[PDB]
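Visitor: these chains are from a complex, not moved at all, and more is on the way:
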Amino acid sequence: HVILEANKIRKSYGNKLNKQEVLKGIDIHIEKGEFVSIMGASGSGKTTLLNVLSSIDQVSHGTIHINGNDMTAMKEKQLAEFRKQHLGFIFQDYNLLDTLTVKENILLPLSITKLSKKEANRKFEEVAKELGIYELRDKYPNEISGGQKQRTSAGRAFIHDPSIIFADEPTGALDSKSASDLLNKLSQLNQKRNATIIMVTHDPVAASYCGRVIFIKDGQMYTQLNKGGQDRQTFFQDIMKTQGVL
Amino acid sequence: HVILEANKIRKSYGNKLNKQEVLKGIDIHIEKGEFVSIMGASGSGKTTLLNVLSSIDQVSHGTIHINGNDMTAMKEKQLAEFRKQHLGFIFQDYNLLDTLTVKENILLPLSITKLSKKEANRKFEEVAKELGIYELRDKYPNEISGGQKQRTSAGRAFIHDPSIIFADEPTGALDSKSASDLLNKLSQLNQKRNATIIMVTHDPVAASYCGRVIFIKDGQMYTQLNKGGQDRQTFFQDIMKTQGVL
Amino acid sequence: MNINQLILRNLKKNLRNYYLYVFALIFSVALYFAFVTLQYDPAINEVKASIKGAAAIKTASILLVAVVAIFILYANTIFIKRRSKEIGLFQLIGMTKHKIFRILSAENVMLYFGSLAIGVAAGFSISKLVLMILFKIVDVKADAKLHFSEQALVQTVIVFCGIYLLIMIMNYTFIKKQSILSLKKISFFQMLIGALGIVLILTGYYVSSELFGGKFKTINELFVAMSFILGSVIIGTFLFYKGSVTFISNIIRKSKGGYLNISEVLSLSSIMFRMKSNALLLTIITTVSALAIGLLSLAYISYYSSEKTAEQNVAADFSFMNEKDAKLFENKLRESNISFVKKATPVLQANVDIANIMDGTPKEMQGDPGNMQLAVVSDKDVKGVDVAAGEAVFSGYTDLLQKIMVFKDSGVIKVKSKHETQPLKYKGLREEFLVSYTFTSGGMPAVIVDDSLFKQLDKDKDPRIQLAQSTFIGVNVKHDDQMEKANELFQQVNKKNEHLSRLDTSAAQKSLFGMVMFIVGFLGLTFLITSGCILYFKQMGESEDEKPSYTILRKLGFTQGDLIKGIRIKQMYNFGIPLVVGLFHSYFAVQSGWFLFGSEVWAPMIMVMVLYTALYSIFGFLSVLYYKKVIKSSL
Amino acid sequence: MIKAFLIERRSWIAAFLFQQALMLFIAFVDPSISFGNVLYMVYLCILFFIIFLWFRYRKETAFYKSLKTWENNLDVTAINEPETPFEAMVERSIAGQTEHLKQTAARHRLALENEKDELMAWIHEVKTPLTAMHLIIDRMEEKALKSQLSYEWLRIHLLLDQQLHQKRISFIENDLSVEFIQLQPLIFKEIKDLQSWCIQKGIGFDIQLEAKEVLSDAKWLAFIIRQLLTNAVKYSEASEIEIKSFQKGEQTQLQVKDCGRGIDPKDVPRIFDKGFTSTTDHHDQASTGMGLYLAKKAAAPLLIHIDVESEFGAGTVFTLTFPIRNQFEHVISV
């Protein structure tokens, strides 16, 4: 429970003469298995929060605890091992190796675990069938559509079965149809295997698929919403109006 | 009048097996002294549109008429010269050279015409007083705040008396106070002297200051609004409702 | 999949930008193998000199290995810098630092050993022209043959394996200091530092000018000046390269009231904020280049001043000491049938005083004032010079002795005998020595007097050390007709070679100075090329570090001609400053160095300077081309 | 390509190798030049020559390879910037000999879309007054002249709707939609749209369906059931239309049973060819007949499969097919 926890995390940039503080007292209690999101205007300290929560950066003051462990008092080797074992990543821009086909490019993170090839084979088989990109196994990533490349990047983050998945805004390069399809498949993968996808977006209809929208203004959270039993449309209305309030 | 004229602008990316079209029949009519904002989304054709009307990229099909001149006729060098001598640019990110003072940085584009020293100094002083950064005249761009750098970039844009000023979400890397300050400075500069501004954005708060809002959807514009005579709050609520319709 | 397949594809589709790397490796390997196989070749000993011949090459290799190692270390950046986003992505996926290091090291080993294999074959192809040049310099012509000398291959393999073992550490450090990534005004102290550097350079040059101008004419007034000049010049150039260019650029930068265009911004900003970045390297390059040029000039002067020095040591055409051996030579030259003008010229050690002929300080007294072992001769042997009574003329120039021992221009020669004194005046001039160097020790100028004075001095018979034989047995030869045969017969008669010869002694100096000149020239050329290339590498790196200011400044529409004009000006300044500094240091280092020796030459300096200029011009042009290529693909 | 480069540069290679051969041959016969010591010189010269040839080939074979790459495929811009004097020649010649064709094609295409836009605006400006005329004619009380005028109006506005849908066909590439729809409200409203013809010709309708699921567009399916039903009632006279759907296998046969004349078996295969029109009836000139051909050309992208069983004296059987719930994923894949 509460697979992610934070207490008064604070971060400031600049040195000596120039100093700015963009994170001022953030307290988050994201719960296991919830397709949580973060919403707010650009330049309000979103990607900095994502970096801090993932131990990519370091805190000026604050403690973040995941699965009973602590993050602020560990060394680089064990931090990297934990990042491998209990984390999965997606970012706005796809990062695919054009030297390899989609097949081994997806299978790369699982090819170094000293495992039989057949297990990885049907693991990729299941992942591709769920993501519906099975047919392009033997094609280079220089001859496929952008949405397919993005879904390949997303499926890379799911093969090694991470306990907690992070993401940046994943619909900044896709089309409307492809964005809707990708969000639908992410929602479907939410409840098949229990993974806490923590998106970070600034788009209302993008966050309409979530269920724990949490706002932010300039470095301090404001509100909190829940899906309840709404049908993905009245929730969009409520979210977008409460955005218009600010 | 009719400074920017477009007729079914078409633009596509890629070749052979991964060819995608992003601009599909776009028509633009911009009058003198306006303040136009093309609201879109994350995956719509905004940056490509700014590139193609600003003669940075090239349109697959269509014709443009900026100030009554055929833009799609000159090959490269006339395009570069015309772009330098008649268009001003503001961007979302790094615009200032790291190894120049503010004064030299925003007096650089005037050096081509060789307007002596005294009148260049007077024009720089007059412009820098309006944006309120005239005190920061001998500091380096690594010793000032982000909003001050944005004001410096705007001052560089406005100094050399352009015809059309192309912006691209100037307030996408600031906090709310500096955002409002920069937008108010832009509006005051537009009011004092006729300076057309054609910026793209994805935030209704930033576009409420404008006099006309065009909504784009997957490279196909749709619906328009006119500020007319209501105050900022009512126009912002109208943009609220119109964006909520989609 | 298999990581080996990944490495193979990475190498296959990455081996298109790594050409300068392979070329530098090939060049280094070829030069080192050529030098080492020149060493271990058994035909080198055909030379004849005091040194072993193969002894110097060990020290030369010790000096060369450091240079080639530094060159390869500064070339490794080309391979290592580009791998940043790949390392960040690999860390993002999960693979740790050690796996990334091993993956990169596999390709590094493949490229390195391929280039090493190619280099050995290329060196053996050219390892005969070097030997031909060496034989041409020392003038010993027997043959020229091509041999492999496996020991040279073993030494090269060991040295370069060690160098790669050293490179691995730099690779590991660069991989260490990487993360996930995103896959200043002038104080008053700088004014003082710049002014201090400039003034020390100026005063060092000035005090160097006074030294060989004629002052400091005493032994204890020379070492202090040498040490002070050396230290002042080194510290002055170091201060010049770390604060005297920023100071001298700020004046022009502030002269224009904050109003620049593209050319001035590029050139001035780049120079002002980048020259100060690296300061230790430029000092090393300039100082070492000046020292090498000066040393080569000294070696050339010493080599070319061989015939005259040999003629000075060998008083006659051929020299003898043993009277029995002289009589034997007289017997066996009858079959030679050569006009011999052998004279039993008698010489006595007659003492005079030159203490009063000191034009400097009275404290210079020089052993015995009036009981020296000076040599006198009568007028029957030498008739060329006509000197009246009460006058004398010194015979000898002695540059190595002139550097310290200087006679007064009008110093009357007060001959401090036991009782008498003969004042002497300087009218004529002579340089004909009638004695060999073995009897003059440090070198006493020849003195010619009348027969009566010679008789009086010899009948005085002062109890002073006397030469073993008085009447020097030295024979002259007729017109040059039978030189070589005379040389081999004289060589075969003095099987113990306790005697002295002209054509034999006039070759050891030539051989020794030829070896010195060869070593110095080879090392200097290698170092000069390497130093010229290092700056090109630095400029390529700085070009790669300044692309977003070309992505911008081109959207505003500055075309490419303006940018390339600015780059040409920047490269001109950046390659012109160190060249001029090195030229001035070299000119004031070579100048001091024939004053100690004899007359000026002016012959090789022009050639060395024009080569110096040409290579830097070539490197600057290549840097400009690289900058153009980088700018073109920006927008 | 290497062979071509060696062929073009053959003269220089010949000159160099001829000079080297003359070297060797002259050195062989004169004792003043030891023949054994000239092979070294020739070896060095040939090594330098081969290295220089490699560099010069690498530099030279770029532009003429780019031109051959741009031979026929695409990318008129693929021509690289010239750097040699003789390269600044081919590029300028190409530009001078292609700008005419470029401008002509651009002007003609521009005129094309301008014409289409004007036509579409025309058609809407037509649609409005006809709507006003319908709004006013929905108040009149006669019977026979009512039937005549109403039937003429129905024909007129269905022709205008067909023209609007053809102008839509002109850019149908951007209106694809797939969702679950039911047949009952569609059939109800479209029967409301087809009353006066049934009243005039005494043609009844009977509905008894099994499967109501359709998985395709909405407006195109409306117009395609218009095509089929209007064609049937044009081929059926005084017949109770037994519009029925049976789930026969994977396809639901929307069998429109009519006891009218039908279509003769001899002319069954031609009922869907280029612009087919029933030549038996003279008034069918008013009907475009383009409707069948446009239905044929636009039926492919929207996944509606047609089946026909036509007989004379028994009527014509029609059928459209709908896909399975595990089919609307090939539309993104295959």
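Guide: Sure, I can see it. Numbering: from 1, shown residues only, chains lettered A, B, ... in the order given.
Visitor: please make it C-alpha for all contacts and neighbour counts, starting now.
Guide: Will do.
Visitor: for chain A, what lies in contact range of chain C?
Guide: A:56, A:80, A:83-84, A:89, A:95, A:99, A:104, A:107-109, A:111 (C-alpha under 8 Å from any C-alpha of the partner chain).
Visitor: tell me the one of the residues you listed nearest residue C:497?
Guide: Relative to residue C:497, the closest of the residues of chain A next to chain C is residue A:99; by C-alpha to C-alpha it sits at 77.5 Å.
Visitor: let's verify the closest one: helix, strand, or coil?
Guide: Look at residue A:99: counting by DSSP: H, G, I helix; E, B strand; the rest coil, its state is coil.
Visitor: is it correct that it is in contact with residue C:9?
Guide: Yes - contact criterion C-alpha atoms under 8 Å: residue A:99 and residue C:9 qualify, at 7.2 Å.
Visitor: per-domain residue ranges of chain C.
Guide: C:1-183, C:260-317+C:499-635 (automatic domain parsing).
Visitor: neighbours of the residue of chain A at minimum distance from chain C, just the number please.
Guide: The minimum distance from chain A to chain C, using C-alpha to the nearest C-alpha, falls at residue A:84 (5.4 Å). By the measure other C-alpha atoms under 10 Å in any protein chain shown, the count of residues near residue A:84 is 20.
Visitor: ignoring the adjacent residues along the chain, who's closest to it?
Guide: Leaving aside its chain neighbours, residue A:84 sits nearest to residue C:94 (5.4 Å; criterion: C-alpha to C-alpha, 6 or more residues apart in numbering or on different chains).
Visitor: neighbours of the one you found, how many?
Guide: Residue C:94 has 21 neighbouring residues, counting by other C-alpha under 10 Å.
Visitor: surely residue D:134 is in a strand?
Guide: No - Residue D:134 sits outside any strand when classified using three-state DSSP, being helix.
Visitor: against residue D:155, how distant is it?
Guide: Going from residue D:134 to residue D:155 by C-alpha to C-alpha, to the nearest Å gives 13 Å.
Visitor: one more: residue C:420?
Guide: 158 Å.
Visitor: when those two are compared, which one has more neighbours?
Guide: When residue C:420 and residue D:155 are compared for neighbours, residue D:155 comes out ahead with 15 against 8, by other C-alpha under 10 Å.
Visitor: pretty sure that one belongs to a helix, no?
Guide: Yes - when three-state DSSP is applied, residue D:155 is found to be in a helix.
Visitor: by contact count, what packs against the longest helix anywhere in chain A?
Guide: The longest helix of chain A (DSSP state H) is helix A:176-192. Applying 3 or more C-alpha pairs under 8 Å, 6 or more residues apart in numbering or on different chains; DSSP states H and E, one finds that helix A:176-192 contacts helix A:146-159.
Visitor: can you tell if the helix it packs on touches chain D?
Guide: No - Helix A:146-159 lies out of reach of chain D by C-alpha under 8 Å from any C-alpha, never closer than 10.5 Å.
Visitor: put this one in as chain E:
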Amino acid sequence: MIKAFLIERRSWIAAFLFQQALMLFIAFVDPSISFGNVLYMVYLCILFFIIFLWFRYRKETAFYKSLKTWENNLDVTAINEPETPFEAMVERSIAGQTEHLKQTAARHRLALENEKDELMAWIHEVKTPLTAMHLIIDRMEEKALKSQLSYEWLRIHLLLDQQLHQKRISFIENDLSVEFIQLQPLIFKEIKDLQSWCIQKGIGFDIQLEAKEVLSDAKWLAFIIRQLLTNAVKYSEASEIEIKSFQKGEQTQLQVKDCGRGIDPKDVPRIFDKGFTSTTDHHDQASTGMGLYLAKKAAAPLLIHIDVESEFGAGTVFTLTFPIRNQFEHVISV
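Guide: Next up, chain E placed on what we already have:
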């Protein structure tokens, strides 16, 4: 033109000189190999090389002169028959690209022509139902409903006739005709087809035709005259439209003066804009705007200038200057 060839042929000369220098140096260093013979025969080799340089210059530079003349000429044979693969590649690329551009331009033009023909066919076969509509509708007895129905029908029919003439202006250039038509029957026809409008709106008119002859293609003359008439109707209402014709100047000026609002003096220069729609009356925006535009442009051969002797309040003199009967012979020729 030597300079360009020397510029691009510089590496080969550099290699030649470097080879000579290297072998001279090796001859100098080696004592076994002599020096004088080497120097003399190097001189001979250079003198030999010069003539080869001249030959290759002549050949290659002559070929590049022929492509430079081909760059700007009208004959394709100016290029020599290819002998080297590079020139063959250049010529083949040129030919292929030119052929492809010609093919695509032809395809565009033919497609446009076929679309226009299809439009003409549809417009005829849809115009006929409107004639049937008029025939059916001219039988009722009701007053208000039938009157407003006549209003709507007249609007639709005038729309159709107008923009089908706009359809045919595409080939009016080959559809020009001239003959003699008296005003009176055709103006009475324009009253008759607008007799529904005349009865409903009750707009007055006056024919003070001082000159009683006009010339144009019969149906095109009718088009121009009820173009002016219907524009006046759209612009003037319940006014004595004085349709007078006194010949002012060379052209026989139809001084068609309405007594309605007229044209505002501030808007006199503007009425001639392409796609003219009088926005002060929203019914004028439904007009294509070609009416005045096509009247002027197809009246460039017809020599019919639309003069405007407008006065506000008393109405605008719609001076459709039909040229003098002599100047209509110009129209006959075209």
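Visitor: just the buried residues of the longest helix of chain A, please?
Guide: Neighbour counts over helix A:176-192 (16 or more other C-alpha atoms under 10 Å in any protein chain shown) mark A:176, A:178-180, A:182-183, A:186, A:189-190 as buried.
Visitor: quick one: the helices in chain A, in order.
Guide: A:47-53, A:76-85, A:102-107, A:117-131, A:146-159, A:176-192, A:204-207, A:234-245.
Visitor: residues of the stretch 101-250 of chain D that sit close to chain E?
Guide: D:101-102, D:104-105, D:108-109, D:112, D:125-126, D:129-130, D:132-133, D:136-137, D:145, D:148-149, D:152, D:156, D:159.
Visitor: would CSV of the helices of chain A with distance to residue D:241 be doable?
Guide: Putting the helices of chain A into CSV (distance: least, C-alpha to C-alpha, whole Å) gives the following:
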stretch, distance to residue D:241
helix A:47-53, 65
helix A:76-85, 68
helix A:102-107, 55
helix A:117-131, 46
helix A:146-159, 48
helix A:176-192, 41
helix A:204-207, 47
helix A:234-245, 44
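Visitor: so for chain E, which of those sits nearest?
Guide: Checking these against chain E by C-alpha to the nearest C-alpha gives helix A:146-159 as the closest, at 30.1 Å.
Visitor: and that closest one, what does it pack onto?
Guide: Using 3+ C-alpha pairs under 8 Å, 6+ apart: helix A:146-159 touches helix A:102-107, helix A:117-131, helix A:176-192.
Visitor: out of those helices, which is closest to residue C:487?
Guide: With C-alpha to C-alpha as the yardstick, what comes closest out of the helices and strands packed on helix A:146-159 is helix A:102-107 (83.5 Å).
Visitor: that closest one: how far from the chain's middle?
Guide: 20 Å (C-alpha atoms, centre = their mean, to the nearest Å).
Visitor: same question for stretch A:63-76.
Guide: Using C-alpha atoms, centre = their mean, the offset of stretch A:63-76 from its chain centre is 19 Å.
Visitor: show me what counts as buried in stretch D:125-139.
Guide: Quick answer for stretch D:125-139 (16+ other C-alpha under 10 Å): D:125-127, D:129-130, D:133-134, D:137.
Visitor: hmm, back to that, among the residues of the stretch 101-250 of chain D next to chain E, which are in helices?
Guide: Going by DSSP H, the helices hold D:101-102, D:104-105, D:108-109, D:112, D:125-126, D:129-130, D:132-133, D:136-137, D:145, D:148-149, D:152, D:156, D:159 from these.
Visitor: which pair of the buried residues of helix A:176-192 spans the longest distance?
Guide: Across the buried residues of helix A:176-192 (C-alpha to C-alpha), the longest gap, 21.0 Å, separates A:176 and A:190.
Visitor: spit out the contact partners of residue C:628.
Guide: Residue C:628 sits next to residue C:564 when contact means C-alpha atoms under 8 Å, 6 or more residues apart in numbering or on different chains.
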